[PDB]
Structures are given as C-alpha cells and as structure tokens.
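In this analysis, Cβ positions are derived from the backbone assuming ideal geometry, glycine residues included, and neighbour counts consider all displayed protein chains. What follows is calculated from the coordinates using simple rules that are stated; it is not laboratory data.
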C-alpha cells in the first residue's frame, strides 16, 4: 500500500470500461479491489 | 520537442511493445534510440 | 512461440503457443494452470483488449509478449 | 492519391499511390527511395499500426495522409 488513487467516486461503466479500455495494471488492481469491496463491504 | 526520455528503467518487451502498440514519433524515436544503444553498448 | 502473462500482483506465467492459437485457447490454458474461469479472464496487451474470437496473429503478438491478465468482473 | 510519410528524424516523403494500394506495395516504394527493406518498416496512422496484408483504404487513409514510418527492429 503506497501512493494510490481515490476511486471512491467512480461508476460501474467507468471501472468496467476503464478496465476493458485501459491496461494500467495499477488501475486494474485498484479497480478490481474497489469493485469487489463495494460488493463485499458497504462503507 | 526538447530533451528525450531516459528509457533505461524500461524493458525489452515494453520498448518493443510500445513500438508495436504505441503511436508517437517521439516515443518511437526514444525507444529506437535506447534500442540501438543497447546494441552499440557493450562493456 | 512462448508468450508471458503478467498477473495483478506480479506473478508472471509462460505458455507455449503459436501465432494461430486462439485467445480463447490461451485463456483455457491459464484456467488449467491457476483457477480463473474463462468468463473471468481478460487479456490486455498494452491498451489492447484481445477478443475471444481472434488469434495471437490478429494482434501482432510476437514471442516474449507480456500479456496483462485481468479478472473479468461481472456485469450483464 | 498522394500521401506523406514522416521519418524518424523528421524528413517527410511524398509517395503517389491509390486507396487500393497494399501497405506492402508502399513499403516497397520506400525501399526504392531510401534503402530500408520492407521487413524493416512499419507504418502508423490514426494511431494504429498498419498491416502488410492490407490496403490504404482499409484504414480510411485518404489523400495528404501523414504516415509514421518506423524501422521495425528485428531481434526478439
């Protein structure tokens, strides 16, 4: 955990599209982690 | 256009990929430079 | 040919294939290695999402190519 | 159809062709002008690499199009 991005204001299309349109491993990791969390947790 | 980029921390796959997946005369030149150097460089 | 597959954490995977090999075929191989189902797989070669109905030749994916593996999340 | 080809240094080259011209035919024309063999070439347009088994029209490459010429480094 070091120098990350605040993805607490993204949308389903953004993450999904960004992951399907982008290739930034970093984002992909943070995008997947936030995507899951949102499902697992709720705060 | 001014001052190139130090692509020393880059990798063979990245450089090649970039030239095979990127479109930027600037990068292409820098990549081709470091690429040629690696061949002309031998301690 | 021998292509590499970089994971999220950093774990890379080397797989032997041919320019004709179909992306879907590669995904299947990975599934036999790790445990990620195809539907839950997505190959990205530098801002380039590979289709499941194409070949490693339809992307100029030569040898020693690093393929970014991403877990295809659900949707609809 | 006249098209422009930007080199690495910055030297451009005007080549006369037609929408039905194969990227391979163009690469050859350049090999005659300069001295770079086809296999050692790679044209880029609209931010997309052009294939050898394709035509200019297959890329919406109209007239006065700027094609980025890159020397395909052979090795890997």
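Overview of values
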read-out	value
Per-residue average of Cβ from other chains inside 10 Å of B:8-15	2
Förster radius 25 Å - calculated FRET efficiency between residue A:38 and residue A:3, Cβ distance, rounded to 0.05	0.70
Separation of alpha-carbon centers, chain A and segment D:1-21, rounded to whole Å	43 Å
Residue-averaged beta-carbon neighbours from other chains (10 angstrom radius) around D:1-8	1
Ordering of A:1-11, D:44-54 by burial proxy (mean other Cβ atoms within 10 Å per residue, highest first)	D:44-54, A:1-11
Degrees, to the nearest 10: B:25-40 long Cα axis against longest axis of chain B	10 degrees
DSSP-defined beta bridges in chain C - what % are antiparallel, rounded to 5	75 percent
Inter-chain Cβ neighbour average for residues A:18-25, partner chain, 10 Å	6
Helix-only [θ]222 nm of chain C, DSSP H runs n ≥ 4, -39500 (n - 2.57) each, per residue, nearest 500	-4500 deg cm²/dmol
Shortest-first distances to equivalent copies, position residue A:13, nm, label 7 Å out along Cβ	3.4
Distances in nm from residue A:34 to the matching label points in the other copies, shortest first (labels 7 Å along Cα to Cβ)	2.8
Over chain A: helical MRE at 222 nm, DSSP H runs n ≥ 4 each giving -39500 (n - 2.57), nearest 500	-19000 deg cm²/dmol
Isotropic mean projected area of the C-alpha convex hull, chain C (nm²)	4.8 nm²
0 to 90° range, to nearest 10: angle between helix B:12-21 axis and chain B longest Cα axis	30 degrees
In degrees, nearest ten, helix D:23-33 long axis to first principal axis of chain D (Cα)	60 degrees
Percent of beta bridges antiparallel (DSSP, the protein assembly as shown, rounded to nearest 5)	75 percent
